[PDB]
Ligand SMILES: *[C@@H]1O[C@H](CO)[C@@H](O[C@@H]2O[C@H](CO)[C@@H](O)[C@H](O)[C@H]2NC(C)=O)[C@H](O)[C@H]1NC(C)=O
């Protein structure tokens, strides 16, 4: 019916309406970081996605 | 003693370098610490999940 992996997480699933199989990959998560100089110097910042 | 034995020292050093180049691949258990630390990191990350 459905697959797993080493980390005990679901990776592949089979729909009932078709004999095909659909893979599962989680939505892209990631931390955010703020590149910045001193606020005495400038007010601008740069956004970095990890 | 270096200047009366320069060719001998050069030959010994080159033979030792070739020997250690062969011995870094011949012995399989010569990389204990790096493999252990990366395997420990992988296992500690796996046991949390
Ligand atoms: C469950 O319903 C789906 C949706 O109709 C079926 O999928 C198709 O159904 C049509 C209608 O007969 C067939 O002609 C196709 O061959 C079906 N496609 C596939 C891939 O099966 C599905 O067969 C149904 N499940 C059953 C009847 O067990």
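Residue numbers (the deposited numbering), protein chains in the order written: chain A, 564 to 613; chain C, 915 to 963.
Think of the CB as a built atom: it goes at the ideal place given N, C-alpha and C, for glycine as much as any other residue.
Problem set entry | C-alpha distance - residue 959/C paired with residue 571/A, whole-angstrom precision | 13 Å
Exercise. Smallest Cα separation from residue 595/A: which of 580/A, 573/A, 578/A, 611/A?
Worked result: 611/A
Exercise. Can we count residue 582/A as close to ligand 1, meaning its CB is less than 6 Å from some heavy atom?
Worked result: yes
For this session: Check the DSSP bridge columns for residue 612/A and list the partner residues they point to.
Result: 595/A
Exercise. Residue 586/A to residue 580/A, Cα distance in whole Å?
Worked result: 15 Å
For this session: Please go through the same chain and pick out, in chain order, the residues whose beta-carbon is closer than 6 Å to the beta-carbon of residue 953/C, but skip the five residues on each side of it.
Result: none
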